[PDB]
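The structure appears below as structure tokens.
Each chain gets a letter, A, B, C, D and E, in the order it is written, and its residues are counted from 1.
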């Protein structure tokens, strides 16, 4: 059976207005996040800088995606009477997310493993399996949602969607295994935070499959609005929220190492206005 | 009853000229503010860096909003005689402010609490209640002013406006309570400044509801000009003005801590060409 | 009586070619000054960083104004024969300067007072009176030149121009008074430079009123070219020239303080390949 | 004989959707790479900074190329039915790669020699022969593929392609000779990595000639898609992958020198979460 | 006699393709150069930082010029049949170079004098005479080539070209005199390099007059291609090549001063993988 695609829906001006709000709010919040990332990048040790690098990629790629999308929104719908009607650049208000997620979902996995206690080359097996699994999960979604059937085929959404769901299970079982190994070998205070950051990431990722069910089941401008709102909201929460949580863990670990002799940090580490470690000279 | 919207008004060339001035002046002043923020970002301790991060978000989001708005101004009105007549991209000379305020008003609240003396459960509870309350106040305005009724419904402005006014009261009672707790536990010199910064922020926020009354009551190009002038002016005063006042407080607090042993700062802190603290090595 | 406006003149191709060269040479030279400002910003102390901040805004706002004016030149005139004929975006090749000057003229005043010896009530009173007076002088020009008769009214140029000339006198009497107070309390070497920088600024500001007399008196593409050449040239001289002169004074003062114990600088200060002060550690 | 060019093919919507994905994915991944480069640029000694500089050029040039290409994609094909028919700006979705490769392939050669053990004069002969040979190999490809015959001449692809293949052999024999000389004079641990980085670079370069065989042999939108996919994929692997491998070698060498007295590094060097060297003060 | 101008020639697709290559290659190489400049800016003493500042201006102005030119190329010629036919914005593919050279040729002169041994105020006489002479040489070219006659007048090319050639002689006699004075007072090793850098700059400048002879003598798309190729190539060689040679001299001089007590540098200086100087603390 055939279903209209999400970018083949005429939008009212309450729908058009919300969609521009959330697209522009999401791009804004991720440019804040990018700035924050840069300003706070020296609170973390060089042992834990992979976390900073990940997060900077996540924020750059996502900010660009959202600019593209906001500019395609302006040039993707033509107002006819009281309703905005999609043209051929309307697909460019939706498709560009898959490019963002293609980089970000792998980088979120890398950021999480950044602050775990895996080292050397068994680390590398886990980082690669994660980056693969993550990338394959998005790309197989892209194919169902955008490429094969042109977004308009229920069977192609269900097949490529199911396949994507398998790489979700594989990626999540790799990460959750990595973290379960680490928690014993961290300090109690960090292990606590790393458990929570793992629950926050996996939980965030469960929201995104729901946008894909809408596309299968419901078509309309209401629902095209629902999709954008859901996905925009989830990007803000899961990319501001989670990337601030890993940074606390990096800082706390950095400080723990300072206190222990493992290394020396130029500034002091203050987490929650509690000094974790003092500044030091080589 | 129905009222024409603000972006649905034909502008004379004196009105068009003023509107471009102020939009372009505001974006300019906030790019200065962004630069200033970066250049002075190392005058503050790591204990107080949340203040720098907030202010940088406030300036980035706002600068972008104002670029969008200035570019939409050029492509949103067509000169047809002695009048500039609005296109369908003239909503985009007004609506993008709500996106800015959605990030900024929460970040201004965070910046203010940055330099207060709050820690524990109560700190995080207070930061979240503030960020929520602030965000909800803007968004409920957006809905009245832009989305529901299309800006052209008096009942939708009065209902969504009243609702927004409740989240104003809730947000302001949270912040004013937080600050009232802190002033005892600061030093006299900082407590003085934190009282003043609180009065300057709350007072600034009372200006923005007046732009919203115009939209309810008066329609015309005079009044569309009045709205932009009011809102542009208020952004300059309350974003340049207030974010420079919190930076003095962060600096003064940073220095107070240096002097006290709590921490060490690489450079000396000068506050009104008065040296507050000397430079130090770990 | 009526006069055509400067942006209502048909330019030849010699006139059109010289106006793009000067408009693009001014944005190019003010992007070199933005780079010079950032590369040479740690040669000055933290007692005199209010000068690095003022100059960075004077060069960021000015480069953004000249990019817009060069982009609106490409889309503001149409070649209809051997003549470039103005559109409705031709006002945007002239008007954007008033936005630049609105930020810059106040910031130039701040930069000059940066390196003077004012502190107390008198300092803040002086900085505010200057920033006000400067801003009011430009804005009252904008109204005469762009807004009130559409640039086409001789009485509106002479009235708003006279008013602007009063805020010039007020602003210049404030600054010259501030500097006259400082010169006694500086060192001979700096006092000398601060006198010269004051003469260079006031003298630079006297050029800009001449562009405004042309607009009153003469209309033509020759004269529209004369205006742009005059104003572009003056921006280069007074914004490259003067902002390099204050930086020497900041450096010399920084070094004088180093030598005196007042503070310590990480690098040495070399002014004219002559070493003023050595590097030092806290 | 004549062959249609790759930019003269009508793409289906699945072929346009893939092509936009990969172009946008590649530009995204190279902006991550650029960020990474900047954030990690102080892990390396000043003796080995040429490696950082190379890699930064590689990432900047390539990111820009890919932006151009993504913007030309939007404005290079027009949807006329179920097909995206090529405009005259569809050559600009392919040609800009040759500009990227013209800078990058020489810079990749420089980056590889960066971490080898060459003197500083006989170094120069090798660096120049490499940069020449590399540049000549791309440019002679450009001429066959784009300029002479207009991409549509089989004899011009085979002649200019063969010529390009000779500068490949010359460039690769210079580099492989340089590295074979160095491996003895490195430490075992670095020599190992430098062998692998050499195999990874030469192997990466063998993929790009296959895109050029497609252009000779096969024409279609399938094949225009195959070309972009191949070339995009190879850019990600060989520019993210290889430029991270040289950075490990620079770091390991930097640390080896620290440990040996040759120099001192401000931070510690952690590679695979193993401290290679401690931080130190002059 | 009247000669067609260089932007009044219909380009083939081979000539259009080359022109886009070289414009895009030159802008690319100068963005690399800009990056390089920033990454290596701390290898030089503060005594010699004028060299860094010059070079950064040279790279910024030139990169922007080349972006403008590449964007004007896309929108300056229309494909009509088998030929690209110039529109009225084809002059913007050639004219913008004069703006670049107007800043750069003066800054190249400043960079060269940066590392010579002139100090105080007799330095200033030489720096001003140079910057004047250089600026006047370009501007008088612009007038012959672009403004007077519209590029189409042989007598205006020969008169304004001859005049430009006089300011070349004056500028070169000032610089060569300055350098001849310095070589005695440098160290043998630096004097050697400063002689070579002087020969490389003067020699580079002799290439640019040849583009101007073509414009006088030959008109055609072959020749419009020859002009762009010549000028693009010369920009790459003389702006990458020369600005890397002055940086070696600054570094070598910086190190010589370190070794001598004149100053202290934070990093070590390595030139050709030979440690020139060690890192030091105040």
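Operating definition for what follows: contacts are C-beta pairs under 8 Å (C-beta built on N, C-alpha and C of every residue); 3 or more make two chains touch, one makes a residue touch a chain.
Chain identities (UniProt): A, B, C, D, E = Rhodopsin.
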item: Centroid spacing, where centroids are CA-atom means, of chain A (Rhodopsin) and chain D (Rhodopsin) in whole angstrom; value: 28
item: Chain centre separation (chain A (Rhodopsin), chain C (Rhodopsin); CA means) in Å; value: 45
item: For chain A (Rhodopsin), residues that touch 2 or more chains besides their own; value: 281
item: Category of the chain touch graph - line, ring, star, complete, other; value: ring
item: Ring walk, chain B (Rhodopsin) to chain C (Rhodopsin) and onward; value: B, C, E, D, A
item: Residue ranges of chain A (Rhodopsin) touching chain B (Rhodopsin) (in the complex, touch as defined); value: 13-14, 17-18, 20-21, 24-25, 28-29, 31-32, 35-36, 39-40, 43, 74, 79, 266-270, 272-275, 278-281
item: In the complex, chain D (Rhodopsin) residues that touch chain E (Rhodopsin); value: 41, 46-47, 49, 52-53, 56-57, 60-61, 64-65, 68, 88-89, 91-92, 95-96, 98-100, 102-103, 107, 118-121, 123, 142, 146-148, 150, 262-264, 281-282
